[PDB]
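K.L.:
Model the following, please.
(chains A, B and C, ligands or ions: 7)
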Amino acid sequence: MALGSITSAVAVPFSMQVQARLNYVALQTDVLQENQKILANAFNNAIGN
Amino acid sequence: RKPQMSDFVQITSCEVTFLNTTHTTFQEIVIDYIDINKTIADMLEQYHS
Amino acid sequence: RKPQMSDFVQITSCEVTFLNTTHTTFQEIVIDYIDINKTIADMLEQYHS
Ligand SMILES: *[C@@H]1O[C@H](CO)[C@@H](O[C@@H]2O[C@H](CO)[C@@H](O[C@@H]3O[C@H](CO[C@H]4O[C@H](CO)[C@@H](O)[C@H](O)[C@@H]4O)[C@@H](O)[C@H](O[C@H]4O[C@H](CO)[C@@H](O)[C@H](O)[C@@H]4O)[C@@H]3O)[C@H](O)[C@H]2NC(C)=O)[C@H](O)[C@H]1NC(C)=O
Ligand SMILES: *[C@@H]1O[C@H](CO)[C@@H](O[C@@H]2O[C@H](CO)[C@@H](O)[C@H](O)[C@H]2NC(C)=O)[C@H](O)[C@H]1NC(C)=O
Ligand SMILES: *[C@@H]1O[C@H](CO)[C@@H](O[C@@H]2O[C@H](CO)[C@@H](O)[C@H](O)[C@H]2NC(C)=O)[C@H](O)[C@H]1NC(C)=O
Ligand SMILES: *[C@@H]1O[C@H](CO)[C@@H](O)[C@H](O)[C@H]1NC(C)=O
Ligand SMILES: *[C@@H]1O[C@H](CO)[C@@H](O)[C@H](O)[C@H]1NC(C)=O
Ligand SMILES: *[C@@H]1O[C@H](CO)[C@@H](O)[C@H](O)[C@H]1NC(C)=O
Ligand SMILES: *[C@@H]1O[C@H](CO)[C@@H](O)[C@H](O)[C@H]1NC(C)=O
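P.N.:
Residues are numbered from 1 along each chain as shown, chains lettered A, B, ... in the order given. Ligands and ions are numbered 1, 2, ... in the order given. Shown next is the protein structure:
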């Protein structure tokens, strides 16, 4: 998931990975910074529980 | 393949993830995108010549 | 998002399930639907003015 390009050791940020995986469900038109927060905080509280 | 206008959905944001483009170089990128206003002035001067 | 003309397939029936619309309010619903016949009369009177 962190690696997408074979012949370049630069890596993709994980927030780009989730934002891409939202588009296969439905094509996201407008994206906001607030949507990143509520996904992440519910994710981090899920792992702690 | 070359792009057509039917592959582009129009939204309002165009964040930094996109490709920076101006009006004149849009028309050589995509095929058969025809702004009619520049075209009609060509056949107008060709008619009265 | 706003609609474009590439999302509309043309058939012949238009039963009661549809949305009732006239010609002038079709053009503000969908973007860049251009009937050329109304447009060319605008640049024709603007040319000889
Ligand atoms: C297991 O899962 C549960 C369920 O999510 C987790 O419980 C959550 O814990 C977090 C962290 O304590 C809580 O989030 C915090 O909420 C605070 C406000 O809560 C009060 O007000 C709200 C309404 O605004 C009421 O709904 C609520 O009842 C309270 O009265 C905020 O002050 C916190 O935000 C502040 O700090 C964060 C940094 O930490 C900054 O980001 C904000 O800018 C701000 O200053 C905060 O988000 C959350 O409310 C809890 N949920 C529930 C249902 O109680 C457990 O933590 C989790 N177990 C783990 C992870 O081990
Ligand atoms: C396309 O051009 C715009 C206009 O400059 C670029 O937007 C800038 O992005 C940088 C980095 O995020 C900001 O510091 C500037 O403030 C932005 N400018 C404006 C006017 O918003 C955009 O990054 C360019 N896209 C590229 C180079 O891919
Ligand atoms: C759009 O307008 C047409 C035209 O009136 C409506 O069609 C009528 O539908 C009713 C109910 O089925 C019939 O009793 C009429 O005979 C129909 N009229 C014609 C001329 O066929 C249609 O229902 C309207 N669509 C709506 C309101 O959603
Ligand atoms: C882009 O927009 C600016 C802002 O009005 C304008 O000055 C410029 O001419 C535009 N570029 C074109 C039309 O190529
Ligand atoms: C062409 O020019 C006319 C004259 O102002 C304008 O009304 C019309 O919207 C233009 N067509 C475009 C921008 O596609
Ligand atoms: C709709 O069709 C009728 C039937 O010919 C016509 O009289 C009317 O003008 C049309 N509406 C338009 C062109 O807006
Ligand atoms: C525009 O008007 C001409 C003149 O009758 C007609 O032949 C043509 O089909 C019209 N264009 C349309 C309806 O798109």
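K.L.:
For ligand 5, what is the nearest residue in chain B?
P.N.:
When distances are taken as Cβ to the nearest ligand atom, chain B approaches ligand 5 most closely through residue B:37, which lies 3.8 Å from it. All C-beta atoms are positioned from the backbone trio N, CA, C, and that covers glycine.
K.L.:
Give the buried residues for the host helix or strand of that residue.
P.N.:
Mapping residue B:37 onto the secondary structure by DSSP states H and E places it in helix B:36-47. With burial defined by 16 or more other Cβ atoms under 10 Å in any protein chain shown, the residues of helix B:36-47 counted as buried are B:40, B:44.
K.L.:
re the thing from before, confirm for me that the residue of chain B closest to ligand 5 is in contact with residue C:46.
P.N.:
No: using Cβ atoms under 8 Å, residue B:37 is not in contact with residue C:46; the gap is 10.4 Å.
K.L.:
need the helices for chain B, in chain order.
P.N.:
In chain order, chain B shows helices spanning B:23-29, B:36-47, with DSSP state H as the criterion.
K.L.:
Kindly reformat the ones you listed as CSV containing distance to chain C.
P.N.:
As requested, those are exported to CSV (distance: least, Cβ to the nearest Cβ, whole Å):
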stretch, distance to chain C
helix B:23-29, 14
helix B:36-47, 5
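K.L.:
mind giving me a markdown table with the ones you listed and columns for distance to ligand 1?
P.N.:
Written out in a markdown table, the entries for those read as follows (distance: least, Cβ to the nearest ligand atom, whole Å):
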| stretch | distance to ligand 1 |
| --- | --- |
| helix B:23-29 | 42 |
| helix B:36-47 | 51 |
